[PDB]
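Now for the letters of each chain:
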Amino acid sequence: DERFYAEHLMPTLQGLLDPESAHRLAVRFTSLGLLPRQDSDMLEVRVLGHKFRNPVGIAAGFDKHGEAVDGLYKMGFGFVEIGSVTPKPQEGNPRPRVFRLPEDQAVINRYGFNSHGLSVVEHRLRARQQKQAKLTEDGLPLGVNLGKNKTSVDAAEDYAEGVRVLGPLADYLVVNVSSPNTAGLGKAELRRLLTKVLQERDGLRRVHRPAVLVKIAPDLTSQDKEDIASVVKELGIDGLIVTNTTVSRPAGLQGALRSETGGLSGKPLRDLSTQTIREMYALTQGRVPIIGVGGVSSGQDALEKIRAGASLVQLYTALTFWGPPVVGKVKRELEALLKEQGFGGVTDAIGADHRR
Ligand SMILES: Cc1cc(Oc2ccccc2)c(C(C)C)cc1-c1cc(C(=O)O)c2cc(F)ccc2n1
Ligand SMILES: Cc1cc2nc3c(=O)[nH]c(=O)nc-3n(C[C@H](O)[C@H](O)[C@H](O)COP(=O)(O)O)c2cc1C
Ligand SMILES: CCCCCCCCCC[N+](C)(C)CCCS(=O)(=O)[O-]
Ligand SMILES: O=C(O)c1cc(=O)[nH]c(=O)[nH]1
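Residues numbered from 1 in each chain as written, not as in the entry; some residues may be left out. Chains lettered and ligands numbered in written order. Heavy atoms only, no water.

Undergrad: Would you take a moment to explain the site of ligand 2 for this structure?
TA: Around ligand 2, the structure places 23 residues, and the nearest of them are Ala 60, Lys 64, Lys 215, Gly 295 and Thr 317. Within the contact set of ligand 2, an oxygen atom lies 2.8 Å away from a backbone nitrogen or oxygen of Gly 295. Protein contacts shield 96% of the accessible area of ligand 2, which totals 600 Å² for the unbound molecule. When residues of the shell around ligand 2 are traced back to their parent elements, those giving at least two are β4 (79-85) and β11 (263-266). Looking at side-chain class alone, the shell around ligand 2 contains 7 nonpolar, 14 polar and 2 charged residues. (Near = heavy atom within 4 Å. Polar contact = N/O pair within 3.5 Å; in protein donor to acceptor, adjacent residues only side chain to side chain. Areas by Shrake-Rupley, 256 points an atom, 1.4 Å probe, with all protein chains shown as cover. Helix = DSSP H or I, 4+ residues; strand = E, 2+ residues; numbered from the N terminus. Nonpolar A, V, L, I, M, F, W, Y, C, P; charged D, E, K, R; others polar.)

The following block contains the structure:
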């Protein structure tokens, strides 16, 4: 299957369908379990004391509305992140709003937080809440990424609503700094927002109390990164997700659509994300777990992020080019590399470039 998807089926499908139509179909195929279905003990990771069967997750934006979670576990992901979910439903930007850059192994998107909204997602997750508890117990956690509505004037209150409504259904919640596709996205205001989010989380009953992570852009200044690291440590934010898509356009992009507005993902992002992880790990003294994301398509890509300071990784864009078999490929390849490089497991490699 790995070669067949990569060389034949996915290229052919790219030809037939626009990428958004393809995404919609993929979410329906995955929700139906139209996939084949052990991970090595080497791949197990405990992050904040909680088990992950393997360190490879699906990034936010694939299953925006929580429709395909079980199918994603079936695909081999060690954890699933849904969202972003906004408090009220919203349509997002006009179509077309997703663009392939095949020559670059990249995508540009400007979805604009299209979302079924908190209530719909809440009911979807409730339908399977106990099943998720068992999965989480078995090493397959669920994350929920929270957004804000386009027309909201109080961003903190949108995020607070999301904590209250979906927090009780989540292992972890994510607050983005960092969508490029919502207008408006100092350190005192960042602190204010996060304090409110944490206070809401802290108010949930313990069985229903998620971790809270902040997801950042690759496009931050050095000052912004220092400031985030400082706030995260001061408030005791649980983790970081590093990174979202980039609004930069690195030199050398070849795709005809390179100058479309949106966030760029895939291969062109990869090393910018890895370098962001490396910086955030250093700034937080290795004490804050990082989920590393951006341009992971192989075991080497994953290990590079882990060795830079990621405890876990996610991928999305690689699926669009390689299909579902990429998940197994990344995990087999990572296991092989860890052995070659002398690591006992994933855990031993975390932050190794820094010297621990
Ligand atoms: C990731 C993916 C997998 C797919 O195939 C399967 C999905 C589930 C089960 C079996 C096959 C298919 C099919 C059904 C055409 C499409 C995709 C897919 C493709 C594309 C694409 O660019 O063609 C895509 C683009 C996005 F921006 C976001 C998600 C996307 N997902
Ligand atoms: C089509 C698409 C939609 C996305 N939507 C979201 C989103 O809703 N929330 C979010 O936090 N990140 C979103 N992302 C960003 C991804 O979660 C991820 O951070 C980024 O694409 C880099 O990983 P990748 O290079 O493996 O795709 C989206 C990415 C893509 C490609
Ligand atoms: C930081 C990277 C993600 C770390 C994953 C943390 C998962 C934690 C939440 C689990 N649930 C069940 C929601 C609450 C248990 C609270 S506890 O019992 O005090 O551990
Ligand atoms: O447009 C979106 O919905 C979206 C795109 C993206 O790249 N990142 C994100 O956080 N949201």
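Undergrad: For this particular structure, what's the right way to read helix α1 (residues 2-16)?
TA: Each α-helix turn comprises 3.6 residues. Residues three or four places apart therefore point the same way. Along its 15 residues, α1 runs 20 Å from first to last C-alpha, staying within 8% of the 21 Å computed at 1.5 Å per residue. Of all the bends in α1, the largest measures some 35 degrees and sits at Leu 9, one to four residues before the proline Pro 11. (Expected span 1.5 Å × (residues − 1). Bend = angle between axes of the 7 residues up to and from the residue.)

Undergrad: Can you help me understand the packing of helix α8 (residues 222-235) against helix α9 (residues 270-283) in this one?
TA: A pair of packed helices is captured by two measures, namely the crossing angle of their axes and the spacing between those axes. Between α8 and α9, the least distance of the axes is 9 Å, while the angle of their chain directions is 45 degrees. It follows that α8 is oblique to α9 by the angle criterion. Crossing geometry of α8 relative to α9 is assigned as right-handed. When α8 is examined against α9, the residues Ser 222, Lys 225, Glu 226, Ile 228, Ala 229 and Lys 233 are found in contact with a partner set consisting of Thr 276, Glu 279, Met 280 and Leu 283. (Axes fitted to C-alpha atoms, helices over the stretch in contact; angles between N-to-C directions. Parallel < 35°, antiparallel > 145°, perpendicular 65-115°, else oblique. Left-handed = near helix turned anticlockwise from the far one by under 90°. Contact = heavy atoms within 4.5 Å.)

Undergrad: How do you make sense of α9 when you look at a structure like this?
TA: Given a rise of 1.5 Å per residue, 14 residues ought to cover 20 Å, and the 20 Å separating the end C-alpha atoms of α9 matches this to within 8%. Buried residues along α9 sit against β9 (211-216), α8, β10 (239-242), β12 (290-293) and α10 (299-308). Of the residues flanking the end of α9, it is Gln 285, one or two places downstream, whose phi is positive at about 60 degrees.

Undergrad: Would you take a moment to explain the environment of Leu 240 for this structure?
TA: Among the structural elements, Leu 240 can be located in strand β10. Through-space distance from the C-alpha of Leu 240 to that of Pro 289 is 6.4 Å; in sequence the pair is 49 residues apart. The residues touching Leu 240, leaving out its near neighbours within four places in the chain, are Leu 213, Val 214, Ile 228, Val 232, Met 280, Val 288, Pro 289, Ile 290 and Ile 291.

Undergrad: Would you explain the site of ligand 4 in this entry?
TA: Surveying the vicinity of ligand 4 reveals the residues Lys 64, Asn 109, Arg 110, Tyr 111, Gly 112, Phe 113, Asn 176, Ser 179, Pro 180, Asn 181, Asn 244 and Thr 245. Contacts to ligand 4 include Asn 109, whose side-chain N or O atom sits 3.0 Å from an oxygen atom. In this structure, an oxygen atom belonging to ligand 4 sits 2.9 Å away from a main-chain N or O atom of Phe 113. Contact with the protein chains hides 91% of the accessible area of ligand 4, taken as 290 Å² for the molecule alone.

Undergrad: Explain the UniProt feature "active site" in the protein to me, please; I cannot follow it from the model alone.
TA: When the UniProt feature table is mapped onto this chain numbering, "active site" sits at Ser 179. Take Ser 179: it is sitting in the loop between β8 (172-176) and α7 (187-202). With residues near it in sequence (within four places) discarded, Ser 179 still touches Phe 113, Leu 185 and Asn 244. At a separation of 3.0 Å, a polar atom in the side chain of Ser 179 contacts the main-chain amide nitrogen of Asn 181. (UniProt positions renumbered as here; feature names shortened; annotations may be inferred.)

Undergrad: What's the story with the side chain of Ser 115 in this structure? I'm lost.
TA: Examined against the element boundaries, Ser 115 turns out to sit in the loop between β6 (106-109) and α4 (118-126). Residues within four places of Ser 115 in sequence aside, it is in contact with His 65, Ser 84, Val 85, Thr 86, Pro 89 and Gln 90.

Undergrad: Any chance you could explain the pairing of β8 here in plain terms?
TA: Residues in a regular strand point their side chains to alternate faces of the sheet. Judged by how many residues are buried, β8 sits mostly within the fold: 5 of 5 residues are covered. Of the two faces of β8, the one lined by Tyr 172, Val 174 and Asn 176 and the one lined by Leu 173 and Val 175 are each fully buried. In this fold, strand β7 (residues 142-146) hands off to helix α6 (residues 155-166), which returns the chain to β8; that crossover is right-handed. (Buried < 20%, exposed > 50% of the residue type's maximum accessible area, 1.4 Å probe, protein only. Right-handed = clockwise from strand over helix to strand, strands pointing away.)

Undergrad: Got a minute to help me understand the sheet that holds β6 in this structure?
TA: Adjacent strands of a sheet form backbone hydrogen bonds with each other and so pair up, either parallel or antiparallel. On the basis of which strands lie adjacent, the open sheet formed by 3 strands has the order β5-β6-β11 and antiparallel pairing. Lying at the two open borders of the sheet, with one neighbouring strand each, are β5 (98-101) and β11. The mean angle between the axes of side-by-side strands here comes to 25 degrees, regardless of whether they run parallel or antiparallel. One ladder, built from 4 bridges, connects β6 with β11; its direction is antiparallel. (Pairing = 2+ DSSP bridges.)

Undergrad: Would you mind going over unusual backbone geometry with me for this structure?
TA: Across residues other than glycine, the phi torsion is negative in most instances, and most of the peptide bonds are trans. Here the bond from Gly 83 into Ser 84 is cis, since omega is 5 degrees, no more than 30 degrees from zero. That bond from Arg 95 to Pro 96 is cis: its omega, 0 degrees, falls within 30 degrees of zero. Here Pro 96 lies in the loop between β4 and β5. The backbone phi angle of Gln 105 is positive, close to 50 degrees, even though this residue is not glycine. Mapped onto the secondary structure, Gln 105 falls in the loop between β5 and β6. Look at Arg 355: it is not a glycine, yet its phi comes out positive at around 80 degrees. Considering the arrangement of structural elements, one finds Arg 355 in the segment after α13 (346-349).

Undergrad: In this structure, what is going on with the nonpolar core? I would like to understand it.
TA: Residues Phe 77, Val 144, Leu 166, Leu 240 and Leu 338 are the most contacted members of the largest nonpolar core, which totals 91 residues. At 6 residues, the largest contribution of residues to this core is made by helix α12 (residues 325-340). Residues in contact with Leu 166, not counting those within four places in the same chain, are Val 85, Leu 118, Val 121, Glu 122, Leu 125, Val 144, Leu 146 and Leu 173. By size, the runner-up hydrophobic cluster in this structure holds 6 residues, among which are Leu 101, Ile 108, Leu 253 and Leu 264. (Core = buried A, V, L, I, M, F, W, Y, C linked by side-chain atoms within 4.5 Å.)

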